[PDB]
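Q: Here it is, the structure, as C-alpha coordinates.
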Amino acid sequence: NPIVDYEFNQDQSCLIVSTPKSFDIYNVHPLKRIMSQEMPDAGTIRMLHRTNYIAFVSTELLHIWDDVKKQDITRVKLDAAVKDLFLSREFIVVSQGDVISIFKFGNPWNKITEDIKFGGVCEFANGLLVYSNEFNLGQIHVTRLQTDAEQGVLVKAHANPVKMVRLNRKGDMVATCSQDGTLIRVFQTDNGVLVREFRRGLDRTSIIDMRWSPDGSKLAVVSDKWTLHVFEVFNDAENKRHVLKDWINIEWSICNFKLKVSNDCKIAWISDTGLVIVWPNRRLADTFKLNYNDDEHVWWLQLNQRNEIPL
(Lines give C-alpha, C1' and ligand atoms only; values in the text may rest on other atoms or scores of the structure.)
Protein backbone atom coordinates (compact mmCIF):
# COMPACT_ATOMS: atom_id res chain seq x y z
CA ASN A 1 0.00 0.00 0.00
CA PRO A 2 2.57 2.68 1.07
CA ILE A 3 5.53 3.72 -1.06
CA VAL A 4 9.04 2.68 -0.07
CA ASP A 5 11.36 4.10 -2.70
CA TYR A 6 10.86 5.93 -5.96
CA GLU A 7 12.96 7.17 -8.82
CA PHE A 8 12.77 8.41 -12.40
CA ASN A 9 13.85 7.19 -15.73
CA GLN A 10 17.17 8.57 -16.90
CA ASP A 11 14.74 10.21 -19.28
CA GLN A 12 12.07 11.14 -16.77
CA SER A 13 9.69 9.41 -19.16
CA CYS A 14 8.83 7.02 -16.34
CA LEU A 15 8.65 6.76 -12.60
CA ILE A 16 9.27 3.49 -10.74
CA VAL A 17 8.22 2.83 -7.13
CA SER A 18 8.38 0.05 -4.60
CA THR A 19 5.76 -0.72 -2.01
CA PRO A 20 6.05 -3.56 0.53
CA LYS A 21 4.10 -5.85 -1.82
CA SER A 22 5.32 -4.67 -5.21
CA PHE A 23 7.26 -2.48 -7.58
CA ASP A 24 5.21 -0.49 -10.12
CA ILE A 25 6.23 1.64 -13.13
CA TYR A 26 4.32 4.64 -14.47
CA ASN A 27 4.23 7.01 -17.36
CA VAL A 28 4.91 10.49 -16.01
CA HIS A 29 2.97 12.52 -18.62
CA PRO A 30 0.31 11.77 -18.46
CA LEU A 31 0.02 9.66 -15.34
CA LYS A 32 -1.20 6.13 -15.97
CA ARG A 33 0.57 3.01 -14.72
CA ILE A 34 2.34 0.79 -17.21
CA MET A 35 3.31 -2.26 -15.24
CA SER A 36 3.01 -3.98 -11.89
CA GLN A 37 5.10 -6.79 -10.49
CA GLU A 38 4.47 -8.26 -7.05
CA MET A 39 7.52 -8.52 -4.79
CA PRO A 40 8.49 -8.75 -1.10
CA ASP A 41 11.42 -6.74 0.23
CA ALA A 42 11.65 -4.42 -2.78
CA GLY A 43 13.53 -1.45 -1.38
CA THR A 44 15.82 0.91 -3.20
CA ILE A 45 14.45 0.60 -6.76
CA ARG A 46 15.89 1.68 -10.16
CA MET A 47 15.20 1.29 -13.90
CA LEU A 48 17.21 1.40 -17.10
CA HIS A 49 15.65 3.67 -19.71
CA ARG A 50 12.64 1.67 -20.86
CA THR A 51 14.59 -1.56 -21.29
CA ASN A 52 13.52 -4.87 -19.78
CA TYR A 53 15.98 -4.47 -16.85
CA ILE A 54 15.27 -3.33 -13.30
CA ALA A 55 17.42 -3.38 -10.19
CA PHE A 56 16.38 -3.42 -6.51
CA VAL A 57 17.73 -4.05 -3.01
CA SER A 58 16.26 -6.88 -0.96
CA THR A 59 15.42 -5.95 2.61
CA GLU A 60 20.65 -7.42 1.90
CA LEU A 61 21.85 -7.97 -1.67
CA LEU A 62 21.21 -6.61 -5.15
CA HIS A 63 18.64 -8.21 -7.46
CA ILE A 64 18.99 -7.65 -11.21
CA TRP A 65 15.57 -8.43 -12.65
CA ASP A 66 14.79 -9.31 -16.27
CA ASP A 67 11.14 -8.59 -16.86
CA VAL A 68 10.94 -10.67 -20.03
CA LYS A 69 11.55 -14.05 -18.41
CA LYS A 70 10.69 -12.76 -14.92
CA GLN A 71 13.77 -13.71 -12.94
CA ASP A 72 16.95 -12.43 -11.38
CA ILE A 73 19.76 -12.72 -13.87
CA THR A 74 22.04 -12.06 -10.95
CA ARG A 75 22.15 -11.29 -7.27
CA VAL A 76 25.12 -9.22 -6.03
CA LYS A 77 26.32 -9.48 -2.43
CA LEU A 78 26.34 -6.19 -0.54
CA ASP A 79 28.64 -5.22 2.33
CA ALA A 80 26.63 -2.33 3.75
CA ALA A 81 23.38 -0.40 3.74
CA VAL A 82 22.58 1.23 0.38
CA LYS A 83 22.09 4.97 -0.32
CA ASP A 84 22.34 5.50 -4.07
CA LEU A 85 22.07 3.29 -7.11
CA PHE A 86 22.68 3.96 -10.81
CA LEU A 87 22.39 1.83 -13.95
CA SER A 88 24.14 2.22 -17.27
CA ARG A 89 24.29 -0.32 -20.10
CA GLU A 90 27.76 -1.23 -18.86
CA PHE A 91 27.98 -0.25 -15.17
CA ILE A 92 26.05 -0.78 -11.96
CA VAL A 93 27.03 1.93 -9.50
CA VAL A 94 26.29 1.56 -5.81
CA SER A 95 26.96 3.68 -2.77
CA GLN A 96 26.99 1.47 0.34
CA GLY A 97 28.21 2.63 3.74
CA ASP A 98 31.04 5.08 3.05
CA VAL A 99 32.17 3.67 -0.25
CA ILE A 100 31.13 3.62 -3.90
CA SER A 101 31.27 0.29 -5.70
CA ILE A 102 31.16 -0.22 -9.45
CA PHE A 103 30.27 -3.53 -11.09
CA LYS A 104 30.23 -4.73 -14.69
CA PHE A 105 26.76 -4.80 -16.20
CA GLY A 106 26.50 -8.26 -17.74
CA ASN A 107 29.21 -10.87 -18.11
CA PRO A 108 30.23 -12.24 -14.71
CA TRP A 109 29.02 -8.93 -13.19
CA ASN A 110 32.37 -8.58 -11.43
CA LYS A 111 33.71 -5.60 -9.46
CA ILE A 112 35.57 -3.58 -12.14
CA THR A 113 37.73 -1.37 -9.84
CA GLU A 114 38.43 -0.73 -6.16
CA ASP A 115 35.71 0.41 -3.72
CA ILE A 116 35.83 4.20 -3.47
CA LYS A 117 35.94 6.12 -0.23
CA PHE A 118 33.68 9.16 -0.63
CA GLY A 119 31.96 11.73 1.59
CA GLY A 120 28.48 10.36 0.96
CA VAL A 121 27.24 12.37 -2.03
CA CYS A 122 27.33 11.08 -5.57
CA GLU A 123 25.74 10.93 -9.01
CA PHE A 124 26.30 8.81 -12.07
CA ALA A 125 24.95 9.77 -15.46
CA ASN A 126 25.84 8.87 -19.01
CA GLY A 127 29.37 7.76 -18.14
CA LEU A 128 30.23 10.37 -15.55
CA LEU A 129 30.82 10.04 -11.83
CA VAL A 130 30.63 12.87 -9.29
CA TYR A 131 31.35 12.42 -5.57
CA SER A 132 32.30 14.47 -2.56
CA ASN A 133 35.72 14.11 -0.97
CA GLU A 134 36.19 11.61 1.87
CA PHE A 135 37.57 14.39 4.09
CA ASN A 136 36.66 17.84 2.70
CA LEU A 137 32.95 17.47 2.14
CA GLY A 138 32.64 20.71 0.17
CA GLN A 139 34.97 19.25 -2.42
CA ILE A 140 33.92 17.15 -5.38
CA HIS A 141 35.38 14.57 -7.73
CA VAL A 142 34.47 14.31 -11.37
CA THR A 143 35.64 11.56 -13.69
CA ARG A 144 34.51 9.66 -16.79
CA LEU A 145 34.35 5.87 -16.72
CA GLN A 146 35.82 3.81 -19.54
CA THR A 147 35.65 0.25 -20.63
CA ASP A 148 38.89 -0.33 -22.59
CA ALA A 149 40.83 0.91 -19.58
CA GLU A 150 42.78 2.81 -18.48
CA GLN A 151 40.88 1.41 -15.47
CA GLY A 152 39.87 12.32 -12.90
CA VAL A 153 39.32 15.95 -11.69
CA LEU A 154 38.92 17.54 -8.21
CA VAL A 155 36.83 20.65 -7.50
CA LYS A 156 36.67 22.90 -4.46
CA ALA A 157 32.97 23.67 -4.82
CA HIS A 158 31.51 24.93 -1.54
CA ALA A 159 32.78 26.22 1.80
CA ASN A 160 30.22 24.26 3.81
CA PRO A 161 29.75 20.59 2.91
CA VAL A 162 27.93 19.58 -0.27
CA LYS A 163 24.24 18.78 0.14
CA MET A 164 23.51 17.32 -3.31
CA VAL A 165 24.71 17.31 -6.88
CA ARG A 166 22.97 16.94 -10.25
CA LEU A 167 24.24 16.26 -13.74
CA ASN A 168 22.42 17.46 -16.83
CA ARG A 169 21.28 15.08 -19.58
CA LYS A 170 24.27 15.29 -22.01
CA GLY A 171 26.67 15.16 -19.05
CA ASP A 172 28.69 18.36 -19.61
CA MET A 173 27.36 20.30 -16.63
CA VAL A 174 26.90 19.52 -12.97
CA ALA A 175 24.89 21.58 -10.49
CA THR A 176 25.98 21.78 -6.87
CA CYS A 177 24.66 23.17 -3.59
CA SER A 178 25.51 22.96 0.05
CA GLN A 179 23.84 22.58 3.42
CA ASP A 180 23.56 26.35 3.24
CA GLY A 181 21.13 26.08 0.32
CA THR A 182 21.83 29.66 -0.70
CA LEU A 183 24.31 29.57 -3.55
CA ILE A 184 23.75 27.14 -6.42
CA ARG A 185 26.70 26.53 -8.72
CA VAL A 186 27.28 24.93 -12.10
CA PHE A 187 30.53 23.36 -13.39
CA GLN A 188 31.86 22.24 -16.72
CA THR A 189 32.57 18.55 -16.25
CA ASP A 190 35.46 18.46 -18.74
CA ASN A 191 37.50 20.40 -16.22
CA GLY A 192 35.56 21.42 -13.11
CA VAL A 193 35.53 25.09 -14.04
CA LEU A 194 32.78 27.18 -12.44
CA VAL A 195 30.38 28.19 -15.18
CA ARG A 196 27.66 30.16 -13.43
CA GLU A 197 26.40 30.95 -9.93
CA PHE A 198 22.92 31.64 -8.62
CA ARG A 199 21.04 32.66 -5.51
CA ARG A 200 18.02 30.76 -4.18
CA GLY A 201 17.34 33.17 -1.31
CA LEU A 202 18.95 34.93 1.61
CA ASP A 203 18.21 32.56 4.52
CA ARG A 204 19.48 28.98 4.91
CA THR A 205 17.62 25.94 3.62
CA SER A 206 18.36 22.36 2.66
CA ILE A 207 17.70 21.60 -0.99
CA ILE A 208 15.37 18.65 -1.59
CA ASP A 209 15.83 18.28 -5.35
CA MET A 210 17.33 19.85 -8.46
CA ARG A 211 16.86 18.93 -12.12
CA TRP A 212 17.77 20.15 -15.60
CA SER A 213 15.40 20.70 -18.53
CA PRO A 214 15.84 18.41 -21.54
CA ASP A 215 17.22 21.55 -23.17
CA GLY A 216 20.03 21.87 -20.69
CA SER A 217 19.12 25.56 -20.56
CA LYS A 218 17.27 25.65 -17.25
CA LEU A 219 17.41 24.23 -13.75
CA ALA A 220 14.61 23.60 -11.27
CA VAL A 221 15.22 23.61 -7.53
CA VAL A 222 13.15 22.85 -4.43
CA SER A 223 14.06 23.83 -0.88
CA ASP A 224 12.36 22.55 2.27
CA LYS A 225 10.93 26.10 2.49
CA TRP A 226 8.75 24.57 -0.24
CA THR A 227 9.39 27.05 -3.02
CA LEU A 228 10.10 25.86 -6.55
CA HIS A 229 12.78 27.88 -8.35
CA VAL A 230 13.67 27.93 -12.03
CA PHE A 231 17.00 29.41 -13.16
CA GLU A 232 18.07 30.34 -16.68
CA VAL A 233 21.53 28.83 -16.96
CA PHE A 234 21.93 29.60 -20.67
CA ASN A 235 19.69 31.59 -23.04
CA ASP A 236 19.15 30.52 -26.64
CA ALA A 237 22.39 31.95 -28.06
CA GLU A 238 24.50 30.84 -25.08
CA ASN A 239 23.04 27.37 -25.53
CA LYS A 240 23.10 26.83 -29.29
CA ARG A 241 26.78 27.90 -29.06
CA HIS A 242 26.73 31.00 -31.27
CA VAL A 243 29.37 33.69 -31.26
CA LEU A 244 28.03 36.68 -29.25
CA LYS A 245 30.14 39.79 -29.76
CA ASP A 246 30.66 41.93 -26.71
CA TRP A 247 30.42 38.75 -24.68
CA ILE A 248 33.63 40.05 -23.15
CA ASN A 249 32.43 43.55 -22.35
CA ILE A 250 32.32 44.19 -18.61
CA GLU A 251 21.88 36.04 -10.31
CA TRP A 252 18.33 34.95 -9.41
CA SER A 253 15.54 32.58 -10.37
CA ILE A 254 13.68 33.74 -13.51
CA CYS A 255 10.59 32.65 -11.64
CA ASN A 256 9.45 30.82 -8.54
CA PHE A 257 6.32 29.22 -7.06
CA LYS A 258 5.07 28.66 -3.49
CA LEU A 259 4.06 25.02 -3.01
CA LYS A 260 1.00 23.30 -1.48
CA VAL A 261 2.28 21.04 1.27
CA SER A 262 1.42 18.99 4.38
CA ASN A 263 8.81 16.25 3.87
CA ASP A 264 10.50 14.96 0.54
CA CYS A 265 10.02 14.99 -3.27
CA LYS A 266 11.43 14.72 -6.81
CA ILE A 267 11.18 16.89 -9.92
CA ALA A 268 10.76 15.74 -13.50
CA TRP A 269 10.79 17.77 -16.69
CA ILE A 270 8.09 16.34 -18.90
CA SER A 271 8.96 18.92 -21.58
CA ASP A 272 10.98 22.08 -22.10
CA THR A 273 8.19 24.10 -20.43
CA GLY A 274 6.49 21.55 -18.18
CA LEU A 275 7.47 19.98 -14.85
CA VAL A 276 6.08 17.39 -12.48
CA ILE A 277 6.66 17.19 -8.77
CA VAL A 278 6.16 13.90 -7.00
CA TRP A 279 5.30 13.53 -3.33
CA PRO A 280 5.83 10.03 -1.83
CA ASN A 281 3.70 10.46 1.34
CA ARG A 282 0.63 11.71 -0.53
CA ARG A 283 1.29 9.52 -3.59
CA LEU A 284 0.53 12.67 -5.57
CA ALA A 285 1.82 14.25 -8.79
CA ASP A 286 1.73 18.04 -9.26
CA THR A 287 2.07 19.32 -12.79
CA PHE A 288 3.32 22.86 -13.51
CA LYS A 289 3.30 24.97 -16.67
CA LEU A 290 6.19 27.32 -17.45
CA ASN A 291 4.90 30.43 -19.11
CA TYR A 292 6.65 33.16 -21.05
CA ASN A 293 5.65 36.66 -22.06
CA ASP A 294 7.89 37.72 -24.94
CA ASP A 295 6.65 41.32 -24.99
CA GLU A 296 8.10 41.95 -21.57
CA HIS A 297 10.70 39.25 -21.21
CA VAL A 298 9.32 37.44 -18.19
CA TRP A 299 8.39 33.98 -16.85
CA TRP A 300 5.69 32.65 -14.51
CA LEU A 301 4.73 29.22 -13.23
CA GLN A 302 1.25 27.82 -12.76
CA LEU A 303 -0.01 24.55 -11.34
CA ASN A 304 -2.20 22.87 -13.99
CA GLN A 305 -3.12 19.70 -12.26
CA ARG A 306 -2.89 17.35 -9.29
CA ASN A 307 -3.40 13.63 -9.86
CA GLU A 308 -3.29 10.91 -7.23
CA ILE A 309 -0.85 8.10 -8.03
CA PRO A 310 -2.93 4.87 -8.30
CA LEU A 311 -1.13 3.08 -5.39
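Chain lettering (A, B, ...) mirrors the order of the C-alpha coordinates, residue numbering begins at 1 for each chain separately, and ligand numbering begins at 1 in order of display.
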Distance table requested - region 213-301 of chain A against region 186-198 of chain A, cut-off 10 Å, only C-alpha atoms: one row per qualifying residue with the closest atom pair and its distance in Å to one decimal, ordered by chain and rising residue number, as a tab-separated table.

A:
residue	atom	partner	partner_atom	distance
A:231	CA	A:198	CA	7.8
A:232	CA	A:198	CA	9.5
A:233	CA	A:196	CA	7.2
A:234	CA	A:196	CA	9.2
A:251	CA	A:198	CA	4.8
A:252	CA	A:198	CA	5.7
A:253	CA	A:198	CA	7.6

Q: Take the selection from the previous step and output its residues with N, CA and C atoms, as an mmCIF file, in the first residue's frame.

A:
data_model
loop_
_atom_site.group_PDB
_atom_site.id
_atom_site.type_symbol
_atom_site.label_atom_id
_atom_site.label_comp_id
_atom_site.auth_asym_id
_atom_site.auth_seq_id
_atom_site.Cartn_x
_atom_site.Cartn_y
_atom_site.Cartn_z
ATOM 1 N N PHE A 231 15.903 28.519 -12.784
ATOM 2 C CA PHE A 231 16.998 29.406 -13.158
ATOM 3 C C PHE A 231 17.300 29.283 -14.641
ATOM 4 N N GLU A 232 17.609 30.404 -15.289
ATOM 5 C CA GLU A 232 18.067 30.344 -16.680
ATOM 6 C C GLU A 232 19.590 30.292 -16.752
ATOM 7 N N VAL A 233 20.100 29.077 -16.918
ATOM 8 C CA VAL A 233 21.533 28.828 -16.961
ATOM 9 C C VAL A 233 22.151 29.379 -18.239
ATOM 10 N N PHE A 234 21.563 29.024 -19.379
ATOM 11 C CA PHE A 234 21.933 29.597 -20.672
ATOM 12 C C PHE A 234 20.680 30.032 -21.436
ATOM 13 N N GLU A 251 23.043 36.124 -9.400
ATOM 14 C CA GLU A 251 21.878 36.043 -10.312
ATOM 15 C C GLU A 251 20.735 35.158 -9.778
ATOM 16 N N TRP A 252 19.500 35.547 -10.071
ATOM 17 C CA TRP A 252 18.325 34.953 -9.410
ATOM 18 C C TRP A 252 17.430 34.074 -10.286
ATOM 19 N N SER A 253 16.504 33.374 -9.637
ATOM 20 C CA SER A 253 15.542 32.576 -10.373
ATOM 21 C C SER A 253 14.828 33.515 -11.350
#

Q: Considering only C-alpha atoms, tabulate each residue of region 26-100 of chain A that lies at most 9 Å from region 273-296 of chain A along with its nearest interatomic pair and the corresponding distance in Å to one decimal; arrange the rows by chain and ascending residue number and present them as CSV.

A:
residue,atom,partner,partner_atom,distance
A:28,CA,A:276,CA,7.8
A:29,CA,A:276,CA,8.4
A:31,CA,A:285,CA,8.2

Q: CA of residue 112 (chain A) and CA of residue 68 (chain A), how far apart in Å?

A: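 If I compute the distance from CA of residue 68 (chain A) to CA of residue 112 (chain A), I get 26.8 Å.
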
Q: Please indicate the distance in Å from CA of residue 172 (chain A) to CA of residue 264 (chain A), rounded to one decimal place.

A: 27.4 Å

Q: Record the distance separating CA of residue 181 (chain A) and CA of residue 43 (chain A), expressed in Å with one decimal.

A: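 That distance, rounded to one decimal, is 28.6 Å.
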
Q: Give me the residues near residue 138 (chain A) as a list in words, where near means some atom within 8 Å (using only C-alpha atoms) and where sequence neighbours in that chain fewer than 6 positions away do not count.

A: residues 132, 156, 157, 158, 159, 160, 161, 162 and 178 of chain A

Q: Among region 87-302 of chain A, which ones does DSSP place in strand (DSSP E or B), written as a ChimeraX atom specification?

A: /A:87-88,91-96,99-104,111,116-117,122-125,128-132,139-144,153-156,162-167,173-178,183-188,194-199,207-212,218-223,227-232,252,255-258,266-271,274-279,284-293,298-302

Q: If you run DSSP over the backbone, which residues in region 45-281 of chain A end up alpha helix (DSSP H)? Put them as a list in words.

A: residues 236, 237, 238, 239 and 240 of chain A

Q: Just to be explicit: take each residue in the selection above, keep N, CA, C and O atoms, and write the result as a PDB file, in the first residue's frame.

A:
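So the final result, stored in result_30.pdb, reads:
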ATOM      1  N   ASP A 236      19.035  31.206 -25.361  1.00  0.00           N
ATOM      2  CA  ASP A 236      19.147  30.521 -26.640  1.00  0.00           C
ATOM      3  C   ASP A 236      20.562  30.574 -27.241  1.00  0.00           C
ATOM      4  O   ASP A 236      21.166  29.541 -27.522  1.00  0.00           O
ATOM      5  N   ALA A 237      21.087  31.779 -27.429  1.00  0.00           N
ATOM      6  CA  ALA A 237      22.393  31.948 -28.057  1.00  0.00           C
ATOM      7  C   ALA A 237      23.497  31.239 -27.279  1.00  0.00           C
ATOM      8  O   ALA A 237      24.313  30.511 -27.859  1.00  0.00           O
ATOM      9  N   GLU A 238      23.524  31.474 -25.968  1.00  0.00           N
ATOM     10  CA  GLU A 238      24.498  30.841 -25.084  1.00  0.00           C
ATOM     11  C   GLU A 238      24.442  29.315 -25.266  1.00  0.00           C
ATOM     12  O   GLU A 238      25.460  28.626 -25.234  1.00  0.00           O
ATOM     13  N   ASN A 239      23.241  28.801 -25.494  1.00  0.00           N
ATOM     14  CA  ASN A 239      23.040  27.367 -25.532  1.00  0.00           C
ATOM     15  C   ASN A 239      23.328  26.731 -26.878  1.00  0.00           C
ATOM     16  O   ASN A 239      23.942  25.669 -26.941  1.00  0.00           O
ATOM     17  N   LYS A 240      22.868  27.363 -27.951  1.00  0.00           N
ATOM     18  CA  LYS A 240      23.098  26.834 -29.293  1.00  0.00           C
ATOM     19  C   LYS A 240      24.563  27.032 -29.711  1.00  0.00           C
ATOM     20  O   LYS A 240      24.978  26.577 -30.773  1.00  0.00           O
TER      21      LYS A 240
END
